[PDB]
> 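Before we start, here is the structure in question, set down as structure tokens.
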4 protein chains.
Amino acid sequence: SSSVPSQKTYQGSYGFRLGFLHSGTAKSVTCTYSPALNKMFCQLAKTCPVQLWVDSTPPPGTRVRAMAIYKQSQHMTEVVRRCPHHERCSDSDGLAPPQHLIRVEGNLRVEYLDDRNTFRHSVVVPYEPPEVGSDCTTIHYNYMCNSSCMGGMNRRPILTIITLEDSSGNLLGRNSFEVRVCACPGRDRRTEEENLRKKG
Amino acid sequence: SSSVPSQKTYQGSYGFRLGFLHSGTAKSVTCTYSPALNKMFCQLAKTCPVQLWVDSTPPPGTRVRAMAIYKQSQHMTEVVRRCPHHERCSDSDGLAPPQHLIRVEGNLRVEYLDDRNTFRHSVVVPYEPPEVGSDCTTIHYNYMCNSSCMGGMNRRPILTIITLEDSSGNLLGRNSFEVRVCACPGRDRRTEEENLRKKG
Amino acid sequence: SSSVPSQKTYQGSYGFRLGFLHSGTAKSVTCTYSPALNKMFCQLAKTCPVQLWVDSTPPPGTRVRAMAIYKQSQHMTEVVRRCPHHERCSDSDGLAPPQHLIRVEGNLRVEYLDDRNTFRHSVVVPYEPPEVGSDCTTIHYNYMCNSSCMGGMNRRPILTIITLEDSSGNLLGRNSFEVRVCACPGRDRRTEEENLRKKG
Amino acid sequence: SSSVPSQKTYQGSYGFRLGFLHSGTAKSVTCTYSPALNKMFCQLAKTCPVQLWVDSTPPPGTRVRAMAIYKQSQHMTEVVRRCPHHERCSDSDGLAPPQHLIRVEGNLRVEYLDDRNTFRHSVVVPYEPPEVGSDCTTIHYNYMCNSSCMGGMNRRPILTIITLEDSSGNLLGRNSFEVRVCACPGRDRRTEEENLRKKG
DNA sequence: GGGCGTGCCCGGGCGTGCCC
DNA sequence: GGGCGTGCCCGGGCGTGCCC
Ligand SMILES: [Zn+2]
Ligand SMILES: [Zn+2]
Ligand SMILES: [Zn+2]
Ligand SMILES: [Zn+2]
């Protein structure tokens, strides 16, 4: 009955977890991940590689959904949307609706969804197993507004929720991470990690 | 025959109690809870998360009702309503009647009720059990006037009464807490707790 | 073309000016006037005597209009109205519309007007010459909200504009004074006069 | 043939100049004017009083037009518009089109225009002579975006151009001033004046 | 990569109807 | 008449995209 999707980690019976590349903290690196904060820092529209790791092979027809929600209780019930400026920037790839924050690049089977009851946006691709000898699959996500965008996220932190779902709709696994989209991911990761150590 | 709902705690056979988040006492925090006073301090229209804890699973069709009453004997028999200024502010979410003080956000099955005999307002949502691994459910309430509003609460303290009711109308459990809606919940919580220690 | 009436003093060819009684500055005096501030301090709904002085007798059919405007440039274009709480208090004398801030008591020929283009309220009585041996006429005004009323004046200072008008509509004279309606006119007059001396 | 209106001062045969109120430089004053910079600093949507001074009375039917242009050569040819976020904020007064940056408040004869060839916006009111004894007329303007608004002014300075025009369209006079719309006009005026003194 | 923006967060303290 | 309320004003200082 809640209109807020759950963020609770559920690694589930398939041993589902996420992985992130090691990029560093150079000032304006395009994408970097803080394990201490479970938080991805990235630039607007840049590639954000997310690895999907499983211990057991999901069944055929499994899907991978990504959605954003506001992290703070005060904002959770508000749908995460692109700001009006970027919604009109005509920067679509021909498939993503202009209002969707999260896109997937490099996938011929991407689907963009708007929930008819909650109005929330999500992007789905088929789950594909790793190639022989590889331990994970990688999806390239893109975030199409800065966290600071006026009339959109407006400086509020978001979580991305990644769910592994079978074709019937059963939740097989769920993981999430915080996101800041910003001009200087390396600067901002280092600032937030230092504030955690000094004041957290 | 009384037109005043009971505030008596009834944890009942399901072991029903409330829980509140730890927010601190920063001057203008949006919502904070004092265990010593059993009192929530929050800002107008801001999210107030309330956790529902049970020891035994309620039956299907159970409902959660919230209602406000004035705390002091002198004012108990007066219906708690929004003040005339805020009633006309056209700030409805499309479901809550403009006169109702307490709203629920983020729930697709909210129902707003006016008692035909007492004229008192209440807001009801279905009870949903916690997700596996979680110990409680959380409802987001909003209070749509300040305690100080002239022509409404007019500086008088209120209690929020939360009842767990089966579909037939049986009371399964009841809990309550005092509320102050104010501009500076952290200041005011600290003032009230200090006055309790010094003069209570 | 402006929707804001002029406040410019125009003593005019009849030598029109206002006079006020000497009341003192006892804490909760019902009405008191500060010449230094050209400001009347009064309590809600209490009698405020205003004297009309002329050097030459106005023609028959002359009228006396009172209107309120906000003093600050930022608020001048907003119509001064009673707040929603007091508008519903059913405290009318049978003639004053419930939304009008300024009333006249003790006059059998009072007229309450709403301007069809600016929506502003005014109250009008016939001008009557002083009795033989007297130098002025007195009108008893009442202000039906406090300056602090939420959803009304909301702590903003107002001016009352008194105009002497002939029956044809010509402006014969205009005077104005600031008003604060408050619980403690004597306290507040003394505070404002001291602030003028110390910080003005 | 140019699509950029001229900003050249033309006090003209009527001796047309502008005047501004003395407000000070308190940090968040709603509006303040720097003579040294010929620059108004104001908050979003707040009243900005502008005085019109003439030496000779303009003919009947004279109009007062206000328009914004970007100050820097690099941006002059771009039409000044509200940003997409504020354009959708449904904050219209019922007359101003939602895309127009400059509004006039308190005038029953305001007209909002879009030039059919340059697409530029302007707002026009009738010229009214000062009341007897007064030396100027005052118009209340409002600026409906911050200078910093993303997708609108985007941190770029603008000029407001005020023209006095006869009913036939002849330019009788022209004046202009720079504008910054910001959260803290007093801070920002002081910063800009200090930078002028130290680095200009 | 260093450092300036600039809307907004933050705690100190003044209001002002009402309690005493 | 003395003095406590309590929403809001106020200046200090942190953001964060962008200039350099
Ligand atoms: Zn954006
Ligand atoms: Zn209220
Ligand atoms: Zn009132
Ligand atoms: Zn804008």
Side-chain angles (χ1 to χ4, degrees), chain A residues 84-85 88-90, chain D residues 1-12 16 18 38-42 44-48 50 52 58 61-89 91-94 96-105 107 109-127 139-182:
Chain A
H85 165 66
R88 57 77 178 260
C89 274
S90 305
Chain D
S1 192
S2 174
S3 64
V4 185
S6 167
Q7 69 179 263
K8 185 180 176 59
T9 300
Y10 177 56
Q11 312 220 316
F16 173 51
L18 304 178
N38 183 218
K39 184 164 181 171
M40 170 183 293
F41 297 78
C42 58
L44 199 170
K46 301 298 182 177
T47 300
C48 302
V50 178
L52 310 177
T62 296
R63 311 186 86 200
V64 184
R65 182 191 311 267
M67 180 175 284
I69 67 166
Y70 288 113
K71 179 185 180 193
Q72 296 160 291
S73 295
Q74 170 63 31
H75 302 294
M76 273 191 180
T77 62
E78 181 175 339
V79 174
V80 179
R81 308 174 181 277
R82 286 186 94 187
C83 75
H85 165 66
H86 286 122
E87 181 184 352
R88 56 79 178 256
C89 274
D91 63 10
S92 185
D93 59 5
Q99 309 86 355
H100 277 227
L101 175 67
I102 306 178
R103 297 183 186 172
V104 172
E105 64 176 30
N107 195 301
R109 292 293 187 267
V110 65
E111 179 179 40
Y112 290 91
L113 299 174
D114 288 28
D115 190 283
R116 89 172 255 170
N117 295 309
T118 72
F119 313 125
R120 295 181 184 270
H121 302 159
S122 61
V123 58
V124 179
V125 294
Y127 174 81
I139 300 172
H140 285 187
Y141 290 108
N142 311 106
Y143 294 82
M144 302 304 303
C145 272
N146 286 314
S147 293
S148 60
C149 277
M150 174 182 71
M153 288 180 286
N154 191 33
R155 309 172 291 98
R156 297 173 286 184
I158 59 163
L159 302 183
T160 298
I161 302 169
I162 305 301
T163 50
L164 195 64
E165 307 170 7
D166 72 12
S167 73
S168 298
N170 290 304
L171 180 71
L172 305 184
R174 181 192 298 111
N175 285 287
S176 61
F177 55 97
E178 188 169 340
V179 184
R180 177 182 174 90
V181 190
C182 51

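Every chain is numbered from 1 and lettered A, B, ... according to where its sequence line falls, protein lines coming before strand lines.
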> Hey, could you give me each pair passing ring pair (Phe, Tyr, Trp, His ring centres under 6.0 Å) that has a residue in residues 156-182 of chain D? Not counting sequence neighbours.
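Only D/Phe20-D/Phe177 qualify under ring pair (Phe, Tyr, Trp, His ring centres under 6.0 Å).
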
> To the nearest 0.5 Å, tell me how far D/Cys182 SG sits from D/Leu44 CG.
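If I round to the nearest 0.5 Å, the distance is 10.0 Å.
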
> Measuring from atom SG of D/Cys83 to atom CE of D/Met153, what distance do you get when rounded to the nearest 0.5 angstrom?
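CE of D/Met153 is found 8.5 Å from SG of D/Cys83.
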
> Got D/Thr118 and D/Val79 here, is their nearest side-chain heavy-atom distance under 4.5 Å?
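Result no, sub-4.5 Å side-chain heavy-atom pair not found.
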
> Looking at residues at least two apart in the chain, or sitting in another chain, which of them share a salt bridge (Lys or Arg N to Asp or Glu O under 4.0 Å) with D/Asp91?
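Per chain and number, D/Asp91 pairs via salt bridge (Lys or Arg N to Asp or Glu O under 4.0 Å) with D/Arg82, D/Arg103.
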
> For D/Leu52 and D/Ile139, run side-chain contact (heavy atoms from CB on, under 4.5 Å): C-alpha distance rounded to whole Å, both residues' side-chain angles, the deciding distance at 0.1 Å, then the answer.
CA-CA 8 Å; D/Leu52 310 177; D/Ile139 300 172; 3.6 Å; yes

> I need the minimum non-hydrogen distance between D/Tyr112 and D/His100, along with the two atoms involved.
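That closest heavy-atom pairing would be CD2-ND1, 3.5 Å.
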
> Side chains of D/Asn142 and D/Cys48, heavy atoms from C-beta outward: is any pair under 4.5 Å?
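The answer is no; the side chains never approach within 4.5 Å.
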
> Output all residues satisfying salt bridge (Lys or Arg N to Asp or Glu O under 4.0 Å) with D/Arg81, sequence neighbours left out; order by chain, then residue number.
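D/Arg81 satisfies salt bridge (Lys or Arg N to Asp or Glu O under 4.0 Å) with no residue once adjacent residues are dropped.
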
> Taking only residues two or more places apart in sequence, or in another chain, which ones meet D/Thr9 in a side-chain contact (heavy atoms from CB on, under 4.5 Å)?
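side-chain contact (heavy atoms from CB on, under 4.5 Å) list for D/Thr9, sorted by chain: D/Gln11, D/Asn175.
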
> I'd like to check D/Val50 versus D/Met40 (side-chain heavy atoms, cut-off strictly below 4.5 Å). Are they in contact?
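D/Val50 reaches D/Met40 side chain to side chain.
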
> Taking salt bridge (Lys or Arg N to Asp or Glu O under 4.0 Å) as the definition, give me every residue that meets it alongside D/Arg174, ordered by chain and number, with sequence neighbours left out.
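So D/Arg174 forms no salt bridge (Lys or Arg N to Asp or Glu O under 4.0 Å) with any residue.
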
> Does D/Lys39 have any side chain to side chain donor-acceptor pair (under 3.5 Å) partners at least two apart in sequence or in another chain, and if so, which?
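Applying side chain to side chain donor-acceptor pair (under 3.5 Å) to D/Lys39 gives D/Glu178, D/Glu192.
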
> Evaluate the criterion side-chain contact (heavy atoms from CB on, under 4.5 Å) for residue pair D/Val179 and D/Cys42; output intermediate values, then yes/no.
CA-CA 8 Å; D/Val179 184; D/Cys42 58; 4.2 Å; yes

> Is there a side-chain contact between D/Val181 and D/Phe41 (heavy atoms, below 4.5 Å)?
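No, their side chains stay 4.5 Å or more apart.
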
> State, to 0.1 Å, how close D/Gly151 and D/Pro84 come at their nearest heavy-atom pair, and which atoms those are.
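Taking every non-hydrogen atom into account, O-CD, 3.5 Å.
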
> Filter on ring pair (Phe, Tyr, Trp, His ring centres under 6.0 Å), then keep only pairs touching residues 141-160 of chain D, sequence neighbours left out; what's left?
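Non-adjacent pairs meeting ring pair (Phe, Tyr, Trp, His ring centres under 6.0 Å): zero.
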
> Quick one: closest heavy-atom pair of D/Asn38 and D/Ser176, and the distance?
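That would be OD1-O, 2.9 Å.
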
> Just to verify, what does D/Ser168 make a side-chain contact (heavy atoms from CB on, under 4.5 Å) with, not counting sequence neighbours?
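Scan of D/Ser168 (side-chain contact (heavy atoms from CB on, under 4.5 Å), adjacent residues dropped) gives D/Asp166, D/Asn170.
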
> Go through the side-chain N and O atoms of D/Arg155 and D/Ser148 and say whether any donor and acceptor fall under 3.5 Å apart.
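D/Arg155 vs D/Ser148: no donor-acceptor pair found between side chains.
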
> Enumerate the salt bridge (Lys or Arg N to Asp or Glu O under 4.0 Å) contacts for residues 113-126 of chain D, please, sequence neighbours excluded, ordered by first and then second residue.
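Those involving residues 113-126 of chain D do not exist here.
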
> Does the side chain of D/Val64 reach to within under 4.5 Å of the side chain of D/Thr163, using non-hydrogen atoms?
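A side-chain contact under 4.5 Å is absent here.
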
> Answer yes or no: is there a side-chain heavy-atom contact under 4.5 Å between D/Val110 and D/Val124?
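No, their side chains stay 4.5 Å or more apart.
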
> Between D/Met144 and D/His86, is there a side-chain heavy-atom distance shorter than 4.5 Å?
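No, every pair of side-chain atoms sits at 4.5 Å or beyond.
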
> Starting from the C-alpha separation in whole Å, work towards a yes-or-no answer on side-chain contact (heavy atoms from CB on, under 4.5 Å) for D/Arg156 and D/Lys71.
CA-CA 8 Å; D/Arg156 297 173 286 184; D/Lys71 179 185 180 193; over 6 Å; no

> Looking only at heavy atoms, which two atoms of D/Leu101 and D/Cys145 are closest? And how far apart?
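D/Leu101 and D/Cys145 have their closest heavy atoms at CD1-N, 3.4 Å.
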
> Give the minimum heavy-atom separation between D/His121 and D/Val80, together with the two atoms involved.
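Nearest pair, atom of D/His121 first, then D/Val80: ND1-O, 3.9 Å.
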
> At what distance, to the nearest 0.5 angstrom, does OG of D/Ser3 lie from CG of D/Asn117?
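Between atom OG of D/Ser3 and atom CG of D/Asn117 there are 9.5 Å.
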
> Just to verify, what does D/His85 make a side chain to side chain donor-acceptor pair (under 3.5 Å) with, not counting sequence neighbours?
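With neighbours one apart ignored, the set is D/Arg88.
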
> Atom CD in D/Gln72, atom NE2 in D/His75: separation rounded to 0.5 Å?
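One finds 5.0 Å between CD of D/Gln72 and NE2 of D/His75.
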
> Of all residues at least two apart in sequence or in a different chain, which pass the side chain to side chain donor-acceptor pair (under 3.5 Å) check with D/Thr47?
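D/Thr47 satisfies side chain to side chain donor-acceptor pair (under 3.5 Å) with C/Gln74, D/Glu105 once adjacent residues are dropped.
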
> Got a sec, which residues hit side chain to side chain donor-acceptor pair (under 3.5 Å) with D/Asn154, two or more places apart in sequence or on another chain?
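Checked D/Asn154 against side chain to side chain donor-acceptor pair (under 3.5 Å); zero matches.
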
> Are side-chain heavy atoms of D/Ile162 and D/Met67 found at a separation under 4.5 Å?
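Heavy-atom side-chain distance check fails, nothing below 4.5 Å.
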
> If I compare all heavy atoms of D/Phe16 with all of D/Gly173, which pair ends up nearest, and what's the gap?
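Result for this residue pair: CD2-C, 3.7 Å.
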
